[PDB]
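Architecture and fold: a report
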Amino acid sequence: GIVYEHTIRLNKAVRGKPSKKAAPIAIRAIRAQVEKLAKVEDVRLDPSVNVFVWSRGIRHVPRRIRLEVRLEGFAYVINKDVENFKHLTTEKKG
Amino acid sequence: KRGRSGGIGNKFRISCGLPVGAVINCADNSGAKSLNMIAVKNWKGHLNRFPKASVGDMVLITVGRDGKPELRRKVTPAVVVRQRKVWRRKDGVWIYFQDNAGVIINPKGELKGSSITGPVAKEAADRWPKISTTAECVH
Amino acid sequence: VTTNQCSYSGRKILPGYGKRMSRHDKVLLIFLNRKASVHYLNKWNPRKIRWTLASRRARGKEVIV
Amino acid sequence: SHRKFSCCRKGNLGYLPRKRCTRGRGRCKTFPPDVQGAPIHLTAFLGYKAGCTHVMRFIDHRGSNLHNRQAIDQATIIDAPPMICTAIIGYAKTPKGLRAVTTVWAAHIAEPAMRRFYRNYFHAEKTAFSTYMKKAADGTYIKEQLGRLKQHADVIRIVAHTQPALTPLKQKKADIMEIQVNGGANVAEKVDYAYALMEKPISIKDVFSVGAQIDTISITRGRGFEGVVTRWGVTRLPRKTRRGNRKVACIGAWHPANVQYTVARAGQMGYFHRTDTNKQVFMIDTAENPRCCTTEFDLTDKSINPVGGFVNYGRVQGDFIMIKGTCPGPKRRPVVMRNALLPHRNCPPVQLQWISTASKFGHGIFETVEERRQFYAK
RNA sequence: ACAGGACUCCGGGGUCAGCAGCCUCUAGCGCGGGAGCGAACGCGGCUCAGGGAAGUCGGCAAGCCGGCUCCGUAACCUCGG
RNA sequence: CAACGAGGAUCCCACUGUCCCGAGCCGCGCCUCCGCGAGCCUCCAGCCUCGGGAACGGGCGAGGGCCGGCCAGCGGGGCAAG
RNA sequence: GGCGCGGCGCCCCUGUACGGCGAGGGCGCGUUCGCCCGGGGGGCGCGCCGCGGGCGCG
Ligand SMILES: [K+]
Ligand SMILES: [K+]
Ligand SMILES: [K+]
Ligand SMILES: [K+]
Ligand SMILES: [K+]
Ligand SMILES: [K+]
Ligand SMILES: [K+]
Ligand SMILES: [K+]
Ligand SMILES: [K+]
Ligand SMILES: [K+]
Ligand SMILES: [K+]
Ligand SMILES: [K+]
Ligand SMILES: [K+]
Ligand SMILES: [K+]
Ligand SMILES: [K+]
Ligand SMILES: [K+]
Ligand SMILES: [K+]
Ligand SMILES: [K+]
Ligand SMILES: [K+]
Ligand SMILES: [K+]
Ligand SMILES: [K+]
Ligand SMILES: [K+]
Ligand SMILES: [Mg+2]
Ligand SMILES: [Mg+2]
Ligand SMILES: [Mg+2]
Ligand SMILES: [Mg+2]
Ligand SMILES: [Mg+2]
Ligand SMILES: [Mg+2]
Ligand SMILES: [Mg+2]
Ligand SMILES: [Mg+2]
Ligand SMILES: [Mg+2]
Ligand SMILES: [Mg+2]
Ligand SMILES: [Mg+2]
Ligand SMILES: [Mg+2]
């Protein structure tokens with residue numbers, strides 16, 4: 001099917017919340033942002049996403065993450081590894 | 001005849017940095033070292049509010065134990081000439097000094113010393129002509 | 001317009017900005033912002049603060065007339 | 001027993017209740033009084049709050065300690081794109097106050113006015129003035145309907161709306177407001193003047209003048225539910241009070257056995273309807289003029305928008321007005337401006353020597369983008 | 001039925017005067033449940049220009065001081081402090 | 001009367017949000033929702049002013065007010081409860 | 001009130017990035033220094049554009 005590519009700013013999604021639960025709240029915001037993007041209701045994440053989001057503890061989560069959504073059947077998300085995010089935007093294929 | 005109260009002209013309001021209980025330095029050469037401020041003239045108060053003064057105001061003081069024996073045990077008039085609380089002038093300038101200071105001067109406007117050390121403010125030099133003439137610097 | 005130069009850095013100060021300080025040796029100092037005033041009071045050397053006029057002059061990046 | 005020491009009550013009981021305002025925007029409740037014979041003129045306008053800056057001006061007073069010196073003053077900037085006059089209303093003075101005769105609308109009504117009649121515009125079926133436009137097509141009906149206002153009304157007002165496609169705002173529907181026509185020689189001369197404004201734009205330079213005083217009407221910043229220390233300004237209780245010190249301790253005597261309306265209580269603070277009076281006009285200009293904010297004292301060309309842009313407002317595109325001091329509301333609230341009902345008497349004239357255009361995002365030190373570039377020229 | 005009460009044994013590493021505090025290898029992993037919002041007000045905390053006990057029955061509470069080395073230490077004394 | 005004291009007092013230096021005069025911020029409760037789910041108390045009721053009255057009434061005489069149903073808060077009254 | 005998400009520019013905050021190369025008290029080692037470099041990082045303000053943004057209930 002179709003395959004998206006998208007960055008999500010994670011420091012912006014934990015604004016206004018206690019830092020003692022930043023990583024759990026980031027996990028719940030990736031799902032909400034992916035589900036709108038891909039127009040679905042069921043988001044299976046890959047553990048590569050989990051390992052990246054949690055890689056600096058529960059408080060200080062990485063600033064940006066680069067995703068890859070595969071529209072299947074639901075939506076399936078794996079972590080895409082990049083050096084920097086200089087002028088990266090939404091890339092839709094298929 | 002001969003009335004001549006103290007304080008020539010009108011003054012705009014500025015920030016008051018010194019409330020009752022403050023201890024400031026003595027800037028003239030009368031013999032006093034520190035002055036303990038106990039009241040402000042022209043002060044109508046309000047419930048619970050401490051009286052307070054700024055540069056140019058006339059205050060009542062007592063000379064502390066480090067000052068000369070003759071000056072002690074008396075309620076003496078004085079004028080504040082330097083303060084540390086920063087204040088705004090009409091032309092938009094904000095200005096403050098390094099220390100708090102005053103001179104001993106009677107309400108007729110005659111000083112008890114011959115000199116003033118360090119700079120003084122323009123607020124105190126305009127209201128009190130004798131201060132403007134024996135000061136070495138005005139800021 | 002009429003302007004001043006910051007005494008800690010070398011920048012220009014526009015009407016209605018910053019604050020002045022009267023030192024006790026009868027010398028006036030004009031500060032651009034609170035940052036510049038905190039640097040002066042702590043006794044941080046102007047030449048070691050790399051964004052000042054004094055530093056760039058000592059580093060060859062600023063031409064001295 | 002009697003309260004032992006003397007002390008006034010806290011706060012003003014003439015601004016009760018402290019409820020949220022239910023009027024939508026600021027509403028002008030009074031107009032300046034008409035003077036039979038005076039030249040005709042308009043009395044009101046509607047703008048949006050853009051920002052604050054400060055100016056340098058030369059004071060020409062007499063007896064003042066600033067008599068021939070320079071002062072730095074705070075000014076507020078209000079964005080005022082031209083308004084469109086769309087209708088005329090008349091009223092009669094009767095033994096029951098002001099009662100209206102009829103309202104005569106224009107033949108052709110614009111999109112910003114039509115959107116104010118609907119909740120959602122895209123979805124709605126559009127049946128506003130559908131019959132009126134057909135009848136009013138021939139201009140004869142307007143003349144007959146104006147044939148009544150000349151014969152029965154004592155007061156004439158014009159209906160006018162703003163154009164929100166010339167601002168940085170988000171709304172697309174206009175704000176509609178009546179503006180009273182004062183002056184003139186008789187009623188019949190104020191209806192010939194109102195007709196000559198129908199479907200036409202009106203600029204703020206043609207209501208207010210420089211050095212006159214105005215009143216500003218708006219809705220204040222909101223803070224939500226707030227306790228007595230902040231809402232009312234009562235004294236804070238001592239440190240070892242068991243259950244907290246941000247309260248009024250005694251809220252009434254035993255008799256009368258009720259709580260009085262004069263006692264301070266917690267509740268909604270802010271978002272109130274307010275009027276601040278006697279504001280002096282500093283400048284009336286336009287943002288297209290690139291020389292609008294340049295005195296001789298500076299040689300570059302400076303205009304109204306600051307380096308970086310108006311923080312939390314957006315860009316100003318056309319006309320604006322500048323008042324001394326402050327006015328209610330946050331940035332982007334609509335502000336009503338009227339002539340001063342009882343103006344202050346001993347106000348000096350306006351003589352501007354300098355205006356600040358440096359950046360308000362942070363602590364900006366450059367009047368213009370051009371000379372910042374010259375500063376960091378590598 | 002439960003932040004209470006309930007004797008003893010074995011006791012690694014780093015920092016260190018140390019069985020103190022703080023971090024950790026081995027071993028072990030509950031604690032009448034979750035999500036949203038970020039009002040008042042509370043409970044446990046943090047910072048505040050200028051003044052410095054004027055507050056209060058009363059310096060209550062909070063803050064200042066503090067490790068190690070060298071210098072320098074009065075009145076009085078039962079001659080030990 | 002030296003030394004000693006979680007003992008009772010007065011003063012000074014230093015220190016400070018004790019105070020002039022308060023302001024902003026953090027976590028957790030509160031608040032809204034899914035699941036779970038109690039105590040105390042109760043003649044009948046629950047808006048005021050005056051009069052008379054077991055001499056300070058929600059009810060009685062006379063006047064003035066008031067659709068009805070609820071929430072977050074609060075401590076004047078119910079001569080509130082124990 | 002067809003949202004927003006994510007970018008690029010401006011403007012601000014901090015104070016000159018990692019690395020490469022060439023001064024350093026001393027004995028190949030070396031705290032630190034200079035240069036590329038008002039740099040690098042960051043943004044909740046301003047300006048313009050890749051993915052997208054008009055159901056169902058009365
Ligand atoms: K002071
Ligand atoms: K009393
Ligand atoms: K009392
Ligand atoms: K109070
Ligand atoms: K009462
Ligand atoms: K009340
Ligand atoms: K009250
Ligand atoms: K209250
Ligand atoms: K008002
Ligand atoms: K809430
Ligand atoms: K409250
Ligand atoms: K005291
Ligand atoms: K204590
Ligand atoms: K002894
Ligand atoms: K003892
Ligand atoms: K004992
Ligand atoms: K004891
Ligand atoms: K507060
Ligand atoms: K009676
Ligand atoms: K009675
Ligand atoms: K009774
Ligand atoms: K009672
Ligand atoms: Mg008191
Ligand atoms: Mg207590
Ligand atoms: Mg208690
Ligand atoms: Mg600002
Ligand atoms: Mg303080
Ligand atoms: Mg006392
Ligand atoms: Mg007292
Ligand atoms: Mg304060
Ligand atoms: Mg009863
Ligand atoms: Mg009855
Ligand atoms: Mg009660
Ligand atoms: Mg470098």
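Residues numbered from 1 in each chain as written, not as in the entry; some residues may be left out. Chains lettered and ligands numbered in written order. Part of a larger assembly, values for the part shown. Heavy atoms only, no water. Residues with missing side-chain atoms left out of burial classes, pairs and counts.

Its PDB header names cryo-EM as the technique used to obtain the model and reports a resolution of 2.75 Å.

Looking at the PDB entry, one finds chain B named Ribosomal protein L23, with Giardia lamblia ATCC 50803 as its source organism. Looking at the header, the entry is titled "Cryo-EM structure of large subunit of Giardia lamblia ribosome at 2.7 A resolution". The UniProt entry for chain B carries the following comment under Sequence similarities (unreviewed entry): "Belongs to the universal ribosomal protein uL14 family." (UniProt positions renumbered as here; feature names shortened; annotations may be inferred.)

The UniProt entry for chain A carries this comment under Sequence similarities (unreviewed entry): "Belongs to the eukaryotic ribosomal protein eL31 family."

1. Considering the interface of chain D and chain B
With 10 residues of chain D in contact, the opposing surface of chain B contributes 8 residues. Carbon and sulfur atoms supply 66% of the area buried between chain D and chain B, which totals about 670 Å² over both sides. Our count for the chain D to chain B interface comes out at 2 residue pairs in polar contact. When the residues that make up the side of chain D that touches chain B are grouped by side-chain class, the tally is 6 nonpolar, 4 polar and no charged. (Contact = heavy atoms within 4.5 Å. Buried area = accessible area lost by both parts, 1.4 Å probe. Polar contact = N/O pair within 3.5 Å; in protein donor to acceptor, adjacent residues only side chain to side chain. Nonpolar A, V, L, I, M, F, W, Y, C, P; charged D, E, K, R; others polar.)

2. Examining the protein's contact with RNA strand E
RNA strand E sits among 25 residues. The nearest are A:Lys17, B:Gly17, B:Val23, D:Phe225 and D:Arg246. Sugar and phosphate atoms form 80% of the subset of RNA strand E atoms that lie within 4 Å of the protein. Note that a phosphate oxygen of RNA strand E is positioned 3.3 Å from one of the side-chain N or O atoms of A:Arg28. Residue D:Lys240 places a side-chain N or O atom 3.1 Å away from a base oxygen belonging to RNA strand E. Considered class by class, the residues forming the surface near RNA strand E number 7 nonpolar, 7 polar and 11 charged. (Near = heavy atom within 4 Å.)

3. Quick word on the protein's contact with RNA strand G
Neighbouring RNA strand G are 49 residues; A:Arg15, A:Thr90, C:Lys61, D:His123 and D:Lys172 lie closest to it. A share of 69% of the atoms of RNA strand G within 4 Å of the protein falls on sugar and phosphate groups. Here C:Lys61 contributes a side-chain N or O atom positioned 2.3 Å from a phosphate oxygen of RNA strand G. Broken down by secondary-structure element, the contributors of at least two residues to the surface near RNA strand G are β1 (3-9), α1 (10-13) and α2 (22-38) of chain A together with α6 (369-375) of chain D. Considering each element in turn, the surface near RNA strand G owes the most residues, 4 residues, to β1(A). Here the surface near RNA strand G is composed, by residue class, of 12 nonpolar, 16 polar and 21 charged. (Helix = DSSP H or I, 4+ residues; strand = E, 2+ residues; numbered from the N terminus.)

4. Brief notes about the packing of aromatic side chains
Taken as a whole and assessed by the stated rule, the structure comprises 12 aromatic pairs over all chains. On the numbers, 5.7 Å between centres and 50° between planes, the contact of C:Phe31 with C:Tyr40 is tilted. For C:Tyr40, a relative accessible area of 27% puts it in the partly exposed group. In this structure an aromatic cluster arises from ring pairing among D:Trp105, D:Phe117, D:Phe129, D:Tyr132 and D:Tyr141. Across from the ring centre of B:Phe12, 4.5 Å away, lies the NZ or CZ of B:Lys90, which sits over that ring. A cation over an aromatic ring shows up here: D:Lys126 above the ring of D:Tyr121, its NZ or CZ 4.6 Å from the ring centre. (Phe/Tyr/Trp six-rings, centres within 6.5 Å; stacked < 30°, edge-to-face > 60°. Buried < 20%, exposed > 50% of the residue type's maximum accessible area, 1.4 Å probe, protein only. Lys NZ or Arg CZ within 6 Å of the ring centre and 35° of its normal.)

5. Topic: the sheet that holds strand β2 (residues 43-45) of chain A
Residues and elements named next belong to chain A. On the basis of which strands lie adjacent, the open sheet formed by 5 strands has the order β2-β4-β3-β1-β5 and mixed pairing. Pairing within the sheet leaves two strands with one partner each, and these edge strands are β2 and β5 (91-93). The sheet shows a mean angle of 25° between the axes of neighbouring strands, taken without regard to direction. Pairing of β1 with strand β3 (residues 64-71) involves 7 bridges; the strand directions are antiparallel. Counted as the bridge partner of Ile8 is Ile65 from β3. (Pairing = 2+ DSSP bridges. Axes fitted to C-alpha atoms, helices over the stretch in contact; angles between N-to-C directions.)

6. With respect to the pattern of salt bridges
For the structure on display, the rule yields 19 salt bridges over all chains. The closest approach of N and O atoms between B:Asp99 and B:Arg82, which form a salt bridge, is 3.4 Å. Here the residue B:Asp99 occupies a position in the loop between β8 (94-97) and β9 (101-104), and B:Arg82 occupies one in strand β6 (residues 76-82), the gap between them amounting to 17 residues. Across the salt bridge formed by D:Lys190 and D:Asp34, the nearest N and O atoms sit 3.8 Å from each other. Of this pair, D:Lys190 sits in helix α4 (residues 187-195) while D:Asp34 is found in the segment before β1 (41-42), placing the two residues 156 residues apart along the sequence. What makes D:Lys190 buried here is its relative accessible area of 5%. Connected through salt bridges with shared partners, the residues A:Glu5, A:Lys80 and A:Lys93 form a single ionic network. (Salt bridge = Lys/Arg side-chain N within 4 Å of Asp/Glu carboxyl O.)

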